[PDB]
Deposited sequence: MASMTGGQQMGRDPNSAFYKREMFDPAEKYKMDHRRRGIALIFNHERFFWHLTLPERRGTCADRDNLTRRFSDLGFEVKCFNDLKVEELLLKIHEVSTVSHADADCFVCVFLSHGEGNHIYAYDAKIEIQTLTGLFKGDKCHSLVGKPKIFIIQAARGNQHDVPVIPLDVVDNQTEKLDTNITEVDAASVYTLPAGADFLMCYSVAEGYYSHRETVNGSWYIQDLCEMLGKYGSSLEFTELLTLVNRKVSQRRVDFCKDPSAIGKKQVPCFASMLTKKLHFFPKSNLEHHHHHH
């Protein structure tokens, strides 16, 4: 037994980074447009590519398209990948996020990646980053925390933009406070720091911008996680 063990991160590829960007919604869903969410999308895809990830963005899928896509990635072989990143940029409530047209419960999504129905990912980090609250040239919009900040399973790392009782801020040009600080830290420390250290650094950054916003992460990781180049 060794206190400094790391996840094996020397497979051939680093892995897929899925990004579900949601800016607009069915009309009858009566949800606000999330202006500035593109800032985030592109930001993250820059930051994640730099780390070696194959980034795949999807904007405004309806539930069925979204379900089809995430099942399509959960059945390919992740045998020669390091880990798996998945990102949601939407509105949400309780334990649902919104596609363009309806809500899906998060656990049906993350569930596709437990050891059960994805053997190639066992023993590997699975990172879910949720930027999802409840609403509602550069302006600062404020949504209320609403998505319950909970986990998902062995070797998962749930990353929440804002916890219960706080508020998530989003600038209409620059993007979400939390995605900005996350990307800025990935910019500087992605390649050196242990991923959760980095996440505590984002905790300090966001909570220091002047209704506080205070992020949160839930870790069920069994090892230290670095993204050393390659």
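What ranges of the deposited sequence are left out of this structure?
-> Going by the record, the segments left unmodelled (no C-alpha atoms) fall at 1-23, 160-179, 254-264, 285-294.
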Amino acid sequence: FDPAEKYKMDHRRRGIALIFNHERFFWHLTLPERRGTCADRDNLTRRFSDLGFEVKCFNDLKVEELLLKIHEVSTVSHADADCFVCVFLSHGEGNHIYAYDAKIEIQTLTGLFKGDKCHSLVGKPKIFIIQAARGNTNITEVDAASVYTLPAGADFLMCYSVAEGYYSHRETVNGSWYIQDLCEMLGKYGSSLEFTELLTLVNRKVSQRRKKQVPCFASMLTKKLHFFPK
From here on, numbers count along this sequence of modelled residues.
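Between 164-172 and 178-186 (mean CA B-factor, as deposited), the higher | The deposited B-factors put 164-172 ahead on the C-alpha mean.
Out of 122-130 and 97-105, which stretch has the higher average CA B-factor listed in the record?
-> In the deposited entry, the stretch with the higher C-alpha B-factor mean is 97-105.
Have a look at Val87, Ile139, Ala145, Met158 and flag the one whose Cα has the highest B-factor in the entry.
-> Across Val87, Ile139, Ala145, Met158, the entry lists the biggest C-alpha B-factor for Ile139.
Using the entry's values, work out which of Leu67, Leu29, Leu201, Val55 has the largest Cα B factor.
-> Of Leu67, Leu29, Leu201, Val55, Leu29 has the highest C-alpha B-factor.
Comparing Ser219 with the other modelled residues of its chain, is its CA B-factor in the lowest, middle or highest third?
-> CA B-factor rank for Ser219: lowest third.
Ranked by Cα temperature factor within the chain, is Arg34 in the lowest third, the middle third or the highest third?
-> Highest third, going by the recorded CA B-factors of the chain.
Assigned third (lowest, middle, highest) for the C-alpha B factor of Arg12 | Highest third.
Could you tell me which third, lowest, middle or highest, the C-alpha B-factor of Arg210 occupies within its chain?
-> It falls in the bottom third of the chain.
Consider only the C-alpha atoms of the modelled residues in this chain, order them by B-factor as the entry records it, and name the third containing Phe1: lowest, middle or highest.
-> Answer is highest: the recorded C-alpha B-factor places it there.
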